[PDB]
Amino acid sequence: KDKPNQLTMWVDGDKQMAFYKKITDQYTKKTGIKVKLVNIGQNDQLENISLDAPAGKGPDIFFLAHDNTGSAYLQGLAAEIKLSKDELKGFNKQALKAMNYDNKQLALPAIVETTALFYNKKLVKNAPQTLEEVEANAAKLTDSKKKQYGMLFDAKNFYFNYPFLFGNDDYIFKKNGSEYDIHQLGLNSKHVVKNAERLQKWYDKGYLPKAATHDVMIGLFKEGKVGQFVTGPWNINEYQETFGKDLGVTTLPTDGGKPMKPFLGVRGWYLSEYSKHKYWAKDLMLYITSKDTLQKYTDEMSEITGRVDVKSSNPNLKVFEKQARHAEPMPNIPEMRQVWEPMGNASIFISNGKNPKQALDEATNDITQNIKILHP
């Protein structure tokens, strides 16, 4: 626990690098440890650290999307972070799980992301509480003529249709706590099929258009033609600009049970196994993931963070803060990469009238087969 002269961190982008410079300048004034910052996109940090780490010219702490947690660990790049309860206090419990593999905490969440339900108050006056209300608004507002839709979401994309397909008991890979069994898939369970048949019914009834893509849906919502729209927080400022006080945002509704859980995507800091100063590297991660820091972060970037004690002053983003506390992390294991395309294909097929059970069965067999190939 004897201080180094410098700690190096890899930051994702010029915007964030400017933000963390300010933050780390203060870290230096407090500890007297200089901090070198290096701008390296998160889509390139694993591959780079894979090379630079062994050469001794790697970072102490680096930044990745949580989907990579398993790979970073299996490769011997990401080191376990031992934390106290007081250190964990304040963090989103689920974001932490998203960064927990092989029963080890491997990162601290900085940014979180989920969808939520936007609504145009000129068409839907009250925030829908149940999926039945959402459907009911669909039945009322959807009209061939006006090119108006009661509800929308990119149902061909598994990322967006997940909460509509999977409730509490359902799963992608069977969970044994915070770990996943890769040989036990739940994509074609009685209940997912049943929900998939419901999805098919919405297409049949004209609620979801087969021709539109997520980008088209964004455009239609902005034209004031869409009552309700499940999507991410990415275009929030342009919806505010367009709708002002007529922009409603609420968490996803209940679906016959607990509130629906969308996927949770987390990005945060990992500790290099090749750090020669793990103790202080951690001291730095903790400083940069503090209430004080991430609060300044949310204010200045308009993104939801990995802390439940950080609060956006934007009431629309406050809804996403809540949503982020009731969400399911995208499985953080290498094998998950094999699920996206087949389920996507399944979804496309359902949209086109294919028997949903067959579609989910096909996807399941294909995922099983593909995992056996790329993950012997």
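So that there is no doubt, residue numbering starts at 1 and follows the sequence shown.
Relative to one another, 149-157 and 173-181 have unequal mean CA B-factors, and 173-181 is the one with the higher figure.
For the pair 32-40 and 331-339, the mean Cα B-factor is higher in 32-40. Across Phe164, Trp234, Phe221, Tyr279, the entry's maximum B-factor at the CA atom is seen for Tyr279. The PDB entry gives the largest Cα B-factor of the residues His214, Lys97, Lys190, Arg267 to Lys190. In the deposited entry, the Cα temperature factor of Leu77 sits in the middle third of values across the chain's modelled residues. For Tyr119, the recorded CA B-factor ranks within the lowest third of the chain. Only modelled residues enter the ranking. In the deposited entry, the Cα temperature factor of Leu286 places it in the middle third of its chain's modelled residues.
Annotation for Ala363: C-alpha temperature factor in the lowest third relative to the rest of the modelled chain, per the entry. The entry lists a Cα temperature factor for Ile61 that places it in the middle third of the chain's modelled residues.
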